[PDB]
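Before any questions on how it binds or moves, here is one chain, the form deposited in one PDB entry, in structure tokens.
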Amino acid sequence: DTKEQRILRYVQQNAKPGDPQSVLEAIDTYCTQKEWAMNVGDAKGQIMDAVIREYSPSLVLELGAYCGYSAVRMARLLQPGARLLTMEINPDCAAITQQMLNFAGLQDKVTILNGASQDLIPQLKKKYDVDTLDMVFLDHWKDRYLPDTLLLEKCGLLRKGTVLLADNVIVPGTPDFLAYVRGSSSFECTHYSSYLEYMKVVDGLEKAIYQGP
């Protein structure tokens, strides 16, 4: 049994099927109360929601599905006909994400790609009928944000106005990517300050009274 299976099972047992908000809330409860996990969480999630609603993207690419928290978050706000493509290297995580999406009733909007982003990005146009992307959500390994951004550019997947939205630019941090985009005339950058997910960390004191030998 893995933490990620435990999260999925908690969702199946407690959330309302076909209700994306309920699925988000079950994940957040479980991770707040039982086991920390690297989902973006509700605080940053609300910022995500505001951005997605502003731009109304027709085609979104996610790097790093994990358990599908952000895929549910994003897909539930997509208009009819819009698509989310989400890349996940770990087959266990890809399976969990697909089940999470199924449970939420969002499976028709989302396509899961099993593989490493560096290998899949060059296949997007031919295999998945993609011209350019409207939005990219980066939340995979932090050292991959910059190499994959350069690869997206190389592969012709970016157009004027494509929105990159990157998690964790403060903690754990993505310093090369952040410096790059902030210094490049090819990008206009805005920072949205928030809070790291699930940080009400329990600790305690132990009192141990010696009784003699």
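Residues that one form lacks are left out of the comparison. All residue numbers refer to positions in the sequence shown, first residue = 1. Here the rigid core means the biggest group of C-alpha atoms that line up within 1.5 Å when the two forms are laid on top of each other.
Novice: Comparing 191 to 199 with 15 to 23, where is the mean C-alpha B-factor higher?
Specialist: That would be 15 to 23.
Novice: Averaging the C-alpha B factors as listed in the entry, name the stretch that ends up higher: 38 to 46 or 25 to 33.
Specialist: Here the higher of the two C-alpha B-factor means belongs to 25 to 33.
Novice: Just to confirm, going by the entry's C-alpha B-factors, which of 85, 135, 101, 138 comes out highest?
Specialist: Comparing C-alpha B-factors across 85, 135, 101, 138, the maximum falls on 101.
Novice: Ranked by Cα temperature factor within the chain, is residue 142 in the lowest third, the middle third or the highest third?
Specialist: Its C-alpha B-factor belongs to the lowest third of this chain's values.
Note that the form deposited in another entry isn't included here; everything after this is about it.
Novice: Shorter or longer C-alpha distance for residue 202 and residue 31 in the other entry, given it differs from this form by 3 Å or more?
Specialist: Distance between the C-alphas of residue 202 and residue 31: longer in the other entry, by 3 Å or more.
Novice: Hey, the CA atoms of residue 206 and residue 34 end up closer or farther in the other entry than in the shown form, with the change being 3 Å or more?
Specialist: Those two alpha carbons end up farther apart in the other entry.
Novice: Using only residues present in both forms, find each stretch of at least 3 consecutive residues where all Cα shifts reach 2 Å or more between this form and the one not shown, with the core as the superposition reference, and list them in order along the sequence.
Specialist: Moving region between this form and the one not shown: 200 to 213, nothing else.
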